[PDB]
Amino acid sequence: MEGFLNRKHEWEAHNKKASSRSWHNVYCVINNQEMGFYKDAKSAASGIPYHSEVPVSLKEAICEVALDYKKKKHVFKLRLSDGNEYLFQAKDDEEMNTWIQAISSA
């Protein structure tokens, strides 16, 4: 499963607020129980990472609709096992749910 998604890094480990918190349009790929980030589809096929980011494991990840986040629509929350938390924005709700199911079933 892959596609573009607006992403925001919210939390880091140990209840620390992430220092880098602006939204960025990234091309996401769910494969082999992990999620990789690329600038676009072409970088994804070539294996060139978003910002030297390493793919993250979706093992025991918590993924759900971000009701609490109100600054925008179709936003879902992803908390990785290591404590990092991201907010992802999809084009509409159907896609949002498509992503939530994909991740929750990895």
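One rule holds for the numbers: they count along the sequence shown, beginning at 1.
- Between the stretches 44 to 52 and 75 to 83, it is 44 to 52 that shows the larger average CA temperature factor.
- Of the two stretches examined, 60 to 68 and 23 to 31, the record assigns the greater average C-alpha temperature factor to 60 to 68.
- Ranked against the other modelled residues of its chain, the C-alpha B-factor of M1 as given in the entry falls in the lowest third.
- Ranked by C-alpha B-factor against the other modelled residues of its chain, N15 falls in the highest third.
- In the PDB entry, a CA B factor belonging to the highest third of its chain's modelled residues is recorded for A106.
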